[PDB]
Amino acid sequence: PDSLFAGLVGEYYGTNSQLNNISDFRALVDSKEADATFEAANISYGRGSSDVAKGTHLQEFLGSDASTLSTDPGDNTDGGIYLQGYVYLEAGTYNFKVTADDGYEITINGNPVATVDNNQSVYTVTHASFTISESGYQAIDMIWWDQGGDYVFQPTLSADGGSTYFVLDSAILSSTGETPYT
């Protein structure tokens, strides 16, 4: 049985090779078991400096969510996270606005909805809108990585045409698509 919690299933991977793009991070994910798992219940991480994969920087980055880490990973030069689960969204139009260093990819119901396929110092991108056809728990996954240096990841979502944005957190996240009461 997979645990039911109000969050996404989180996996952290570190490496001593360079992460330049999404494909490099996905290859890392596919190469081994996660270096740590966690519950991603408040997806607003960092900012910090001096490499996410070093020392206690991952704990600092994950903040509130770090108390669910399965282990304290050892040092690596580069690292990132893979998150997967469900998010409750009513039918309608939405768009992401993401602050990040380095890059990332977010997909909903299998379709990319926010992508930066390269390294970058902290930058905020307002992404194009997408539609949700039916209200309910939508499948969502996220990739984010740090190639080194500074690191931050905050993917906010608007349901009202960019007037207001919210962080994805325990109000609407579900690890399995069942309703959490936690």
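Each residue number is its position in the shown sequence, starting from 1.
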Checklist entry - Which is higher on average in the deposited entry, the C-alpha temperature factors of 78 to 86 or of 106 to 114? => result 106 to 114
Checklist entry - Going by the B-factors listed in the PDB entry, is the mean over the C-alpha atoms higher for 56 to 64 or for 126 to 134? => result 126 to 134
Checklist entry - From 23, 17, 174, 158, can you pick the one with the highest C-alpha B factor in the entry? => result 23
Checklist outcome for this item: Max C-alpha B-factor within the set 147, 121, 37, 154 falls on 121
Next on the checklist: Looking at the temperature factor on the CA atom of residue 27, which third of the chain's modelled residues does it land in?
Outcome noted: highest
Item to check | Relative C-alpha B-factor of residue 99, binned into the chain's lowest, middle or highest third | outcome: lowest
